[PDB]
């Protein structure tokens, strides 16, 4: 009856953008590690097999829900350097320069991935860091075959930045061209970094040799990340943002992410409509959702930011009465131009 079939398993399962990383996660589960152990192992593996986004030099979020229902969020989003300033990306005329925030050394925030994975592993995992890093270490040391996904990304997106930096080019470029499908990608330097983290712990990244390498890279090229920045970084466990949609409870990331709040806000709006009745791919369902989305993004532009710096009115934004006031504005037969939509007035729902 179905055209599309899910993969099935009776014990454990891992879903990721990379076959190798997924298999690393499954093997960890088979060895007895829990979901967190496997998640960290996958995260480290992707930092090697999916350099496009898997990383040690970036940041992210983790949602954890124990078998007992305990649900929590881990914020390991990058922190702007201590020397960062409000107008740092403006040119002499006062206009933002996308080059500065996307391709220069000023575009980087202090990495939180290593801190986040260790916070989760130490509190909710069962295996030592060395054990979950080992798979990634071997992949970096011995290398892996470049597949279609990686080859395509290196050629398309990589060409715009990788060959412009000596150290990056030495790793991802070959014979003057991006590595091709079938080639073997060995990352010896990354392997060393992984080995040191495995042996010395997360401090290796934030206070050790890696920290020194990051600080120097920045200092020599006009970047701002310093050793003080790295030593001051910290992942933060925060309460998830959640809601109730037709009896289902939805949990996602809280500020510094806008995801949880707007997903809940929009679901709150949609709850006022008989979505099932309209059905997937119907003009009515798409109309209602497109309109609801407008109000959420308008609110996003005004009320969302790092909660440690600004008070986010999350209660009001996820308030069902507020959602109802928005739903009553949606005309299923007439879209409202964005020019007529502004951030909502939250006072009545504070």
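Positions refer to the first chain, counted from 1.
Higher mean CA B-factor, judged across 93-101 and 263-271 from the recorded values: 93-101. Mean C-alpha B-factor is higher over 329-337 than over the other stretch, the pair under comparison being 329-337 and 6-14. The top Cα temperature factor in the record, among 238, 246, 77, 220, falls on 220. Across the residues 154, 82, 253, 140, the deposited record lists the maximum Cα B factor for 82. Annotation for residue 198: C-alpha temperature factor in the highest third relative to the rest of the modelled chain, per the entry. Split the chain's modelled residues into thirds by C-alpha temperature factor. Residue 54 is in the lowest one.
Among all modelled residues in its chain, residue 43 ranks in the lowest third by Cα B-factor. In the deposited entry, the Cα temperature factor of residue 109 sits in the bottom third of values across the chain's modelled residues. Compared with the other modelled residues of the chain, the Cα B-factor recorded for residue 68 ranks in the highest third.
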